[PDB]
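Okay, so here's just one chain, in structure tokens, the form deposited in one PDB entry.
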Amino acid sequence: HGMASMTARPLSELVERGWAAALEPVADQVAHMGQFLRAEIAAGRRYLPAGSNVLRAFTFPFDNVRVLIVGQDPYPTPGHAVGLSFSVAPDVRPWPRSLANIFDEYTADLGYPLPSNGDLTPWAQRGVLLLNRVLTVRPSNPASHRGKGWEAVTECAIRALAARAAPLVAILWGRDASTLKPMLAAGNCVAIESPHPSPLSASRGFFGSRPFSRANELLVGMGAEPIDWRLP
């Protein structure tokens, strides 16, 4: 299911059942985004990630989400973006520098060995929502699909999470992410804020922030199951 299905089919056919219900208020908007992508392709432009990966974050159960890690836009380099924020396919090398920095902090914080590869699917399977605010990008043009309609979709998703009484920890990397705090506050969620892991900002406070262990301390304090962050 790629852009054809995104344009033409109900959410219940595209994403996990809980997510389909949570996103119902933006069903028309998702369909419009499918048409946007079809228009791009008809104009001889590409987009990233692959159509089948665009909504991938919403294919893991809504009910199990306990941590939100928000990103801005997908990786712009062809072959990096896979529909989970910051993740790459297992054979990608070197890792994008943002992901290398995330993993540096992972090992510093948790004491586990560096991951074997850049595939964050295990986190998604364990209740971490790896959500970019904007879900597509034109190759090699960072942020090029900003303002095209994705923000309403992803805001709807985050609002649905925040509105639940269930515990939520939001890891908010950089200034754009910190704009989510009004929804999070009213939902009685907790945020961990730091500079972003991009090499542009990481050494101004991302390193040493210990977001993985802190998220788990917050979760346990709230009566939730912590995340098993261990990657192979």
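If you superpose the two forms and keep the largest set of C-alpha atoms that fall within 1.5 Å, you have the rigid core. Residues that one form lacks are left out of the comparison. Throughout, we count residues from 1 along the sequence that is shown.
What comes next is about the form deposited in another entry, which does not appear here.
Novice: Core fitted between the shown form and the other one: which of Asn64, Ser52, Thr59, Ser198 shows a C-alpha shift of 2 angstroms or more?
Specialist: Single hit from the list, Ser198.
Novice: After superposing the rigid core, is the C-alpha displacement of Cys189 2 Å or more between the shown form and the other one?
Specialist: After core superposition, the displacement of the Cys189 C-alpha between the shown form and the other one reaches the 2 Å mark, so yes.
Novice: Since the Cα separation of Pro122 and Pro199 moves by 3 Å or more in that other deposited form, tell me which way: closer or farther than here.
Specialist: Closer together, by at least 3 Å.
Novice: Closer or farther: how do the Cα atoms of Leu200 and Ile102 compare in that other deposited form relative to this form, given a change of at least 3 Å?
Specialist: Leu200 and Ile102 sit closer together in that other deposited form.
Novice: Give the consecutive runs of 3+ residues, present in both forms, in which every C-alpha shifts by 2 Å or more between the shown form and the other one after rigid core superposition.
Specialist: These are the shifted runs between the shown form and the other one: 173 to 175, 177 to 179, 188 to 200.
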